[PDB]
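Analysis of the macromolecular model
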Amino acid sequence: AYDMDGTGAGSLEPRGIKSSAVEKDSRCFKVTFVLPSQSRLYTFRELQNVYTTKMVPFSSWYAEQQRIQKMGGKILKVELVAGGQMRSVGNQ
Amino acid sequence: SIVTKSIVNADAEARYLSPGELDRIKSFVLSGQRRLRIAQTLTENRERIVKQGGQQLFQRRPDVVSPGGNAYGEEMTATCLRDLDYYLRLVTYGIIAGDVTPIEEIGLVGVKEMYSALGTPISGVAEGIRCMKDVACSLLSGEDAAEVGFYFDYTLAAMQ
Amino acid sequence: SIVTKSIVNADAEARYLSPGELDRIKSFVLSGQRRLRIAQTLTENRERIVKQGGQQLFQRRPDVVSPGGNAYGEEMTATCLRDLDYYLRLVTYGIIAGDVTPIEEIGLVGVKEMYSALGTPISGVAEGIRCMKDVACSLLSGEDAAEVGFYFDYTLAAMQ
Amino acid sequence: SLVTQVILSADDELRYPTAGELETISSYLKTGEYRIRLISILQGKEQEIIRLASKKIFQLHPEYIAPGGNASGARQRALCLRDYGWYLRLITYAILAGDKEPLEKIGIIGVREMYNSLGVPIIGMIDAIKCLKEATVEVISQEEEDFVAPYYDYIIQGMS
Amino acid sequence: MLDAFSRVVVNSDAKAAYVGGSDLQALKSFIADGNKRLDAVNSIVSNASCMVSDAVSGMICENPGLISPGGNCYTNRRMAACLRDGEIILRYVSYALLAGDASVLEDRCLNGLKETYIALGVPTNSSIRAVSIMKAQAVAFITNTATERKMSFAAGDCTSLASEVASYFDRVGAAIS
Amino acid sequence: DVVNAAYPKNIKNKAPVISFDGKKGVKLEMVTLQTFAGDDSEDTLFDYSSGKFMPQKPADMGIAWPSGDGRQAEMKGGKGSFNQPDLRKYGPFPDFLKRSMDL
Amino acid sequence: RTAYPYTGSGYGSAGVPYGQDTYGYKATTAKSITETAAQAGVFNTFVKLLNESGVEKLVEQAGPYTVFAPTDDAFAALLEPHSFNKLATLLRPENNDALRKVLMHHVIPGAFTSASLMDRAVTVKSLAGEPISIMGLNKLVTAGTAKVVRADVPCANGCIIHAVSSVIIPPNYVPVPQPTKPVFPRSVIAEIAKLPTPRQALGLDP
Amino acid sequence: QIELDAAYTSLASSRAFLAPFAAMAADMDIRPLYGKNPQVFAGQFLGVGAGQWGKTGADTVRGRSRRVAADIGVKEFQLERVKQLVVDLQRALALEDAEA
Amino acid sequence: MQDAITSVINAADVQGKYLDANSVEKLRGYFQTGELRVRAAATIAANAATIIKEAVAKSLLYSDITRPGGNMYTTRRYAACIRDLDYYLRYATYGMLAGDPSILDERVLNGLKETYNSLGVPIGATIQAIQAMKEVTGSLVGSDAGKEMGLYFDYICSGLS
Amino acid sequence: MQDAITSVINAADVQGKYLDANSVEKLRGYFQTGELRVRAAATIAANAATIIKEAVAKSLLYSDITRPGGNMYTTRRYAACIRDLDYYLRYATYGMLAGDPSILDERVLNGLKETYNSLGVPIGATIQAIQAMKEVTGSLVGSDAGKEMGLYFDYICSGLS
Amino acid sequence: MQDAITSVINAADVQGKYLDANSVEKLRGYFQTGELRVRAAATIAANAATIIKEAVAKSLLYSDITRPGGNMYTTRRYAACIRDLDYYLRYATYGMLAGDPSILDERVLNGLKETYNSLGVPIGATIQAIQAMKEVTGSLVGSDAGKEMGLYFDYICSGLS
Ligand SMILES: C=CC1=C(C)[C@@H](Cc2[nH]c(/C=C3N=C(/C=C4\NC(=O)[C@H](C)[C@H]4CC)C(C)=C\3CCC(=O)O)c(CCC(=O)O)c2C)NC1=O
Ligand SMILES: C=CC1=C(C)[C@@H](Cc2[nH]c(/C=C3N=C(/C=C4\NC(=O)[C@H](C)[C@H]4CC)C(C)=C\3CCC(=O)O)c(CCC(=O)O)c2C)NC1=O
Ligand SMILES: C=CC1=C(C)[C@@H](Cc2[nH]c(/C=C3N=C(/C=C4\NC(=O)[C@H](C)[C@H]4CC)C(C)=C\3CCC(=O)O)c(CCC(=O)O)c2C)NC1=O
Ligand SMILES: C=CC1=C(C)[C@@H](Cc2[nH]c(/C=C3N=C(/C=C4\NC(=O)[C@H](C)[C@H]4CC)C(C)=C\3CCC(=O)O)c(CCC(=O)O)c2C)NC1=O
Ligand SMILES: CCC1=C(C)/C(=C/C2=NC(=C\c3[nH]c(/C=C4\NC(=O)[C@H](C)[C@H]4CC)c(C)c3CCC(=O)O)/C(CCC(=O)O)=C2C)NC1=O
Ligand SMILES: CCC1=C(C)/C(=C/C2=NC(=C\c3[nH]c(/C=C4\NC(=O)[C@H](C)[C@H]4CC)c(C)c3CCC(=O)O)/C(CCC(=O)O)=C2C)NC1=O
Ligand SMILES: CCC1=C(C)/C(=C/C2=NC(=C\c3[nH]c(/C=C4\NC(=O)[C@H](C)[C@H]4CC)c(C)c3CCC(=O)O)/C(CCC(=O)O)=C2C)NC1=O
Ligand SMILES: CCC1=C(C)/C(=C/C2=NC(=C\c3[nH]c(/C=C4\NC(=O)[C@H](C)[C@H]4CC)c(C)c3CCC(=O)O)/C(CCC(=O)O)=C2C)NC1=O
Ligand SMILES: CCC1=C(C)/C(=C/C2=NC(=C\c3[nH]c(/C=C4\NC(=O)[C@H](C)[C@H]4CC)c(C)c3CCC(=O)O)/C(CCC(=O)O)=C2C)NC1=O
């Protein structure tokens, strides 16, 4: 279901990205960032634009924001376009 | 509620609501008169449902209240009953919403992280909700006790 | 061990081992004489390290051995010390492997699923390993106690 | 450096550094000044060594020096010693931060396409570094040149 | 001038529509509490001769430089005009509570009052307090929480007409600010 | 400068303030009569801060991130032995990436 | 050739790139609420009162707000003989309590642009908790006693900022009394004599 | 002072939050497993074990009203520090008034 | 994404209090109209294509946005319209059932007027299409149900403006 | 992502010069504290859950962010905190070993205060949690090691402010 | 992504009219230069590596962006250049064949100057590299073909500026 079942350290599925997203979450951000690949010079793949602006969901913004810095990216701006704040029920 | 997730179900599928979805929103709102009566019973029985709820909880789990238990002393025992007042409140929300969606994103999502991080035995708080369930279903008829008890055991399932 | 994951690190990166990796496999094997002496101390001190390990564990957590505790009676208390003999054994593996890789895939991966599914308080078994650590580091010098204790507290960290 | 590899390599698993890794930082920092003492020895012999590198890279490869080769002319040969100076400067960085990243984030990653767009034969540059390692043995005693030997042949392995 | 019926006409003329089933539930609910609105205008106009002396004299005990010589309530002719525009404003707010829309407020009362009060030299910030005491009185009379005269009513909620008459005085107090 | 040894501890006594109280005597007074002061100085004699204190941020390094590429803002120790000069020079740069030398 | 051309590429295109600048989803350029106002140079008391009063955390949030931030001439216009009665008491340093609601009456949940108020009168309650009537007729958009000066300022989270001419006080806001003297009755026999006995209440005595 | 008074209103709001349950658990039968009579093995909890009593004793007690109380004691320390700083500032201002 | 019950529970929960008489008073008001909304959402699901065909033919079918140069000329561009109008008639149906327009700005309104300006889509003709679509929707579901479904159409038109 | 050795090599490389006496002078200063940082990072790894449990109970456990309406009410929201506080205590451990706070703003600070404003997370209570977490960290690792680990906590608090 | 024929068809289609004499007049003008563009794109494909090697050695080879601290110092950074210059010489070849610079801003120009500012890439040295690359391209393909290939280079330099 959601990503906070009871998993933490020392648990059977591997220790990973745990987001505070509810059941079928409907909140999503509008993020903007550059993310240079830092791996094209030994792989020699084709080049793709690294400056992107896209709507990521609340269910997986934290994983994406945690990963964009993994590969040296810089986050220029993020906002919560869709969803409420301090909302107990209704994020579903 | 059943209205909001029957929508977001058909929302994701790029379609409207089927008869299977619209004959149940219809069936739920005619059920709404009976739901408020059930939640009205638990609303002003929280004095007995909570206090007798913590009654059986300490008789079944004296460790948590004994010296060394998490709810030891005048202080923690008050908060020991405070959480039961919380979860008894969320069950009143689930009965009126016709689903554990209110109980889902309040008191259930990531609950093991909180209680593990508070040092509280999560199995102990599960025992507390079960003791409240026998008090709650003892206050209602058989047709209602299949509902009010029905939301407690979901909270029991997610709390372990 | 340090040898196997320094390999699988450089294995994934499509490269050989750097001086940073090969001056430590070199530095580890010259350390191997001193590691076997340290593990040799804990090998035939398991009678005291375990029995005094469960000494402080019960004097700090009497709930787990009291009637209602998970390790109650002659039976569970024997298994109550059996797990400490397990984890004391894995620390001897980690000292000789120079890493918690033996302790990782034995007794640590998915340990919360086992003990939650056995009804055992996982915090209680963490208290047991800490009591063994003070007995273990009391058996060795300061240069060694920074290692033998060093593997216990990793097991303490992953066990909560 | 080496601590950076441990912080990074422990960061993608979302965990603190284990028992073996903290050895790898602790042993690296205890051998600290000896890299510091060593690089000052090499910095005082940079005009020492690159003069000896130009000895044998050109008696081995007079193709490059001759009229028509890339290194023909004064100003082409002028930077020729500069590339030795930057490489020798890079190795002092690699000898200090006890790993290959300053030799890899600079110098190695994409070096062939740099030279191939310059006209420098990439095989000749491999012998240039091999010539440079041949030159460093004379102004360095047997104790410390095998400390610096694995940092040179990584460059040769990187260039092929 | 418009009312609450013909505000949704000229809104429905803006989309070239007929006034169909979507908009008539806005208006049949408006005549559903039509007995409530007339019970709210009757609380205003029955104390309207006393509210205007209650509100102009509340402005004087706050800003007493008006009755100071050289002021704007000093001359006795100049005092009698300030009692008049306390109740002409209350005449046009009570038409706006009656009609249900503030067009007659914003085409007859406030139609040039701002350049009137500049060109008469009337202090505008004291004209706010002459208006806003009548805002705090009319929301006390319509909710029947006036602290010295209670009127008889069939009981029930009235707080929408309280905020409606508070919305008409703020369109007066913003148009002359 | 404290050059007022002409002015002692008895500067602002203001001896001639005189109150007649009618036709009788002048009732001379030496009331000090302080100003509408405020004594405009910063960083006074004590701290006056009890907690609530994490205000410190580094200065902006432009486009990179703060304190990351201070490899252009250092002093130096050496320069090397051969070192061919630039001859095109193309402007001094704002630190020539958010990536460092050790990328 | 039609004037309202469009965006896109390939065939069926008007020679204008997608999005008018080749960007379909444009990254925004606005700042948030409080430093869009900080750059304006007119909302200086407003941003300062927000920072002191702790309300500024609330209008930091991403919810679509419609702030009615008064320019400091409005704050400078608080020296009414009338309005100084009900607002001067907030200048005391303990009365931050009412300062948050009075400032929280200027935040409106939702993005109400002035173009969205074409002859429309809609009310709403603030984040303070009490209703406010926004009133747009004859292109004179009103917010209580606002009489908005500048139309709209686009902000970060789809929020809007309107410049008002005065400070809106909440409807059921009573001014805090000045700090007074706790007074105590000097005697006790002047108060037993102040209470009517039962024999007085039945008219048995004068 | 007027953020220490806001701390006292948060302590009064934290007690009213838990007072339906603080008095509802006051007439329950909470029997522990050990710790009270000496015939049962309690282990560490004969008293408390080996350094875990704290610098004060109230810092080992958890709760919403104990956590806002530690906020009060750190906020009253900063007020009392600056109230004793206006005392010796007032001494030096009166000590310089005896030279004129 | 909150319905009338979710919004009532949120406001009653956000103050930490139980569902008093005022909170349940609105909830009873929503359950009374529960029968009306389903039948309203019933017929709208049936006549989805017919309603959109009626709106475009009544508002913007023959105007010069339909002709060459207009904003709707090419078949890809025309086909995007009825795809686009389908969401307005669909999401308005969701708001009519949920009794709360939170889903509209959550999933429709945000970045919408900022998107049409990018493409150069005429917001003026868009609102009149929705207004005409609101007019036909009052035909099917009746007067009061049209008042309910119509209450969310102009909510889209207001925010999209 | 640079440690003290990486930052020293970068500044000495960015001028194209060798590692002179001043560059090695700081490197020797870092190697002297190499023994202190590992033991500091040792105990912090052991008492990670205990430190975070001590900080929240000492700073924001019973405040009204914990109660209904406060920013930390629901269990998902409470569980996000200790998940969130774990990164601050973890990344601060990385800065304490690397001896350079470059990893913090690279992987924590950038887009952080801009993210909490989006969610509406109170930055004021966040810093006091980290300040209280800094206070308990000085308990375990000692005084000077607490000075080192504490030097990166307020770096997070400064930039997050 | 339109060529000269696609752009001619679009403008003639966007008014809903047939291909009159003026639309075909430009199309005949494009077919006349069809023989020149292929031979221009022929030799550029052959001497792709030689042209880029000539441009960098003639514009920015020995400048201090090439030296330490300059924007092109490390081998990864140097290798990114000739990778980067390859696109300019390649996409300019596409514009020379298609006879329309729509592909450049579609696939090169958009987000380009906004990307170099992020990385800190010097736009000044970039344009002079393309200008020098334009100078050598006029050597190979001739004068008029260089005028054609050169017409898209400065289009990149203009928008990238
Ligand atoms: C239909 C719209 C309509 C109104 C709103 C009123 C308001 C109004 N009052 C006056 C005229 C006046 N109005 C005021 C009023 C005031 N001065 C104050 O200090 C107080 C704040 C305020 C009273 C509450 C005064 C003092 C005069 C007298 C000016 C004079 O006689 O020269 C005039 C000019 C008339 C004239 O003198 O010829 C008007 C138009 N009358 C109208 O016909
Ligand atoms: C210095 C002079 C001075 C005054 C004269 C009073 C005037 C006054 N009364 C009210 C407030 C009010 N004023 C009235 C008016 C009246 N009550 C009635 O029953 C009659 C109809 C009418 C007097 C004839 C009413 C009905 C209220 C609302 C509350 C109430 O009294 O029940 C207000 C607004 C609230 C406030 O600001 O306090 C003011 C300024 N106050 C002052 O400070
Ligand atoms: C107890 C305190 C005390 C004083 C304040 C003065 C006040 C004062 N002056 C004069 C009396 C006088 N005062 C003045 C002075 C002046 N007249 C002018 O026209 C000039 C403007 C001004 C000069 C500066 C003169 C000229 C006389 C009258 C001659 C004289 O008596 O000296 C008198 C006597 C008046 C009388 O006869 O009734 C008194 C009481 N004397 C006092 O004993
Ligand atoms: C809500 C808004 C607000 C105000 C309007 C002021 C009003 C005010 N002033 C004072 C209190 C005072 N006010 C004065 C002022 C004066 N006395 C004079 O003789 C002069 C003519 C005049 C100054 C020009 C003095 C001298 C005090 C005594 C305390 C002091 O000097 O600090 C007090 C304290 C009452 C007491 O303890 O006696 C209050 C409430 N304060 C507020 O909070
Ligand atoms: C590694 C650097 C880094 C950080 C720090 C980070 C933070 C971060 N904190 C989040 C939420 C959150 N953070 C909090 C935190 C708090 N509430 C309080 O009252 C306290 C002041 C505070 C705890 C100290 C809460 C409650 C949420 C949930 C918000 C919501 O559900 O709306 C989220 C949203 C997604 C998720 O949690 O799954 C992110 C991405 N991400 C990162 O990559
Ligand atoms: C090498 C890694 C490893 C571990 C750790 C392990 C544990 C393990 N513990 C068990 C039982 C048990 N473990 C306990 C333990 C405890 N009771 C307490 O009060 C204390 C807190 C705690 C010990 C310190 C008890 C009481 C049982 C029996 C439970 C039962 O009978 O239901 C069992 C089932 C019986 C058995 O096969 O032994 C397993 C497999 N197996 C492994 O392979
Ligand atoms: C830090 C790593 C690094 C390196 C190595 C580097 C090299 C480099 N070598 C160059 C040229 C050159 N390099 C050579 C080199 C040689 N001829 C020989 O016979 C030899 C084997 C060899 C030198 C030892 C020649 C002949 C040229 C000039 C080619 C030309 O422009 O015609 C150029 C063009 C500009 C210049 O000379 O500065 C660069 C950038 N840049 C870097 O950032
Ligand atoms: C609505 C969903 C929800 C829940 C459930 C919740 C729980 C919650 N339980 C708490 C404490 C606590 N909870 C307990 C509970 C127990 N002790 C026992 O022995 C029993 C097994 C158990 C109760 C049946 C104790 C002892 C504390 C205080 C712990 C301490 O002071 O360290 C606290 C910290 C203090 C506070 O702010 O109240 C929270 C936030 N919050 C929520 O929003
Ligand atoms: C097809 C259209 C298109 C372009 C043009 C493009 C450019 C682009 N250039 C990049 C980097 C770069 N570009 C340069 C270029 C230069 N340095 C200089 O001094 C010169 C002025 C210039 C060479 C002319 C360098 C050095 C980098 C590496 C920057 C870094 O590692 O920080 C990167 C980062 C990722 C990567 O290279 O893998 C992108 C995405 N992407 C595209 O999709």
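Residues numbered from 1 in each chain as written, not as in the entry; some residues may be left out. Chains lettered and ligands numbered in written order. Part of a larger assembly, values for the part shown. Heavy atoms only, no water. Residues with missing side-chain atoms left out of burial classes, pairs and counts.

This entry lists cryo-EM as its structure determination method and reports a resolution of 4.3 Å.

Glancing now at the overall build of chain I. Secondary structure assignment for chain I yields nine helices and zero strands. Counting helices and strands in the order they occur from the N terminus, chain I gives α-α-α-α-α-α-α-α-α. Along the first, second and third principal axes, the C-alpha atoms of chain I reach 60 × 35 × 20 Å. In chain I, of all internal contacts separated by at least 6 residues, the share reaching a separation of at least 24 is 72%. (Helix = DSSP H or I, 4+ residues; strand = E, 2+ residues; numbered from the N terminus. Contact = heavy atoms within 4.5 Å.)

As a matter of local geometry, ligand 9 sits amid 28 residues, with A:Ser37, A:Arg40, K:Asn71, K:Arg76 and K:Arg83 nearest to it. Near ligand 9, the surrounding residues belong to chains A, F and K. In this structure, A:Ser37 approaches ligand 9 through a side-chain N or O atom, which is 2.9 Å from an oxygen atom. In the model, an oxygen atom of ligand 9 is placed 2.9 Å from a nitrogen or oxygen of the A:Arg40 side chain. Relative to its free-state accessible area of 920 Å², ligand 9 is covered by the protein chains to the extent of 94%. Of the residues forming the shell around ligand 9, the biggest block, 10 residues, is contributed by helix α5 (residues 75–98) of chain K. When the residues that make up the shell around ligand 9 are grouped by side-chain class, the tally is 18 nonpolar, three polar and seven charged. (Near = heavy atom within 4 Å. Polar contact = N/O pair within 3.5 Å; in protein donor to acceptor, adjacent residues only side chain to side chain. Areas by Shrake-Rupley, 256 points an atom, 1.4 Å probe, with all protein chains shown as cover. Nonpolar A, V, L, I, M, F, W, Y, C, P; charged D, E, K, R; others polar.)

What follows concerns the packing of helix α3 (residues 34–45) of chain E against helix α5 (residues 76–99) of chain E. Residues and elements named next belong to chain E. Where α3 meets α5, the axes come as close as 10 Å, and the angle between the chain directions of the two elements is 170 degrees. Taken together, the axes of α3 and α5 lie roughly antiparallel to each other. Seen from α3, the contacting residues are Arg 37, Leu 38, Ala 40, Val 41, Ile 44 and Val 45; seen from α5, they are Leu 90, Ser 94, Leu 97 and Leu 98. By residue class, the composition of the contact of α3 with α5 is eight nonpolar, one polar and one charged. (Axes fitted to C-alpha atoms, helices over the stretch in contact; angles between N-to-C directions. Parallel < 35°, antiparallel > 145°, perpendicular 65-115°, else oblique.)

Here we come to the UniProt feature "binding site: (2R,3E)-phycocyanobilin" (unreviewed entry) in chain I. On the UniProt side, "binding site: (2R,3E)-phycocyanobilin" (unreviewed entry) is annotated at positions that read I:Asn71, I:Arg76 and I:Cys81 here. Residue classification places I:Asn71 among the buried positions, given a relative accessible area of 16%. With residues up to four places along the chain from it excluded, the contact list for I:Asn71 reads G:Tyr4, I:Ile65, I:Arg77, I:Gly120 and I:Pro122. As for its placement among the helices and strands, I:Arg76 is situated in helix α5 (residues 75–98). By relative accessible area, which is 48% here, I:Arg76 ends up partly exposed. At a separation of 3.3 Å, a polar atom in the side chain of I:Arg76 contacts the main-chain carbonyl oxygen of G:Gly12. (UniProt positions renumbered as here; feature names shortened; annotations may be inferred. Buried < 20%, exposed > 50% of the residue type's maximum accessible area, 1.4 Å probe, protein only.)

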